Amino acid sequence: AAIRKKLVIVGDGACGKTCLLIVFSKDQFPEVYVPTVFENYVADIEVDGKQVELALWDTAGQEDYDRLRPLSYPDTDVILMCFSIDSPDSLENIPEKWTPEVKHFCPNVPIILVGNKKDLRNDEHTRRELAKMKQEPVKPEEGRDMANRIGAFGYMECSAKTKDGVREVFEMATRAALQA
């Protein structure tokens, strides 16, 4: 074959990590049952004339999987640090939980900053439940501003629900890994 790379995905609860993996691998969105950790799919993908076997590692942090997470880190080639466009609190934790942590187990490892649930930017229900507690949905600017802060390979937005922008997340993830 060719190039075999290991991608680990981390982020706050319900920011869409497991869903995202699935849309990318199974090629449609899981509405019925979403597991807590999607098992270990290795997915074929062709990026920049290279054939890659991308191995997807899901994580969690509530609760069992707090303890088990750091075990999925070791041999990582690319990280998907995620947050959700509809939760600015999840963004807050990018520089305060997830970067310091990643950089501890996997320094020198390329990070993609991903904001999921893109579809919920202009969802009216969403805009209102947020304004209640004096918040609005994350802007694309402040996501890219944050990717630059943490020293990320790039920034990508996607909605696994609408399937939009998902492939792009994993090309940028694969490129980031291919970069040796």
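The numbering used is simple: start at 1 and walk along the sequence shown.
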| query | finding |
| --- | --- |
| Entry-level comparison of average CA B-factors, 114-122 and 151-159, reporting the higher stretch | 114-122 |
| Of 63-71 and 140-148, the stretch whose C-alpha atoms average the higher B-factor in the entry | 63-71 |
| Within-chain third of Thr99 by Cα B-factor, per the entry | lowest |
| Third of the chain, ranked by Cα B-factor, where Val42 sits | middle |
| Third assignment of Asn93 from its chain's C-alpha B-factors | middle |
| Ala176 - Cα temperature factor, lowest/middle/highest third of chain | middle |
| Position of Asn108 among the chain's modelled residues by C-alpha B-factor, lowest, middle or highest third | highest |
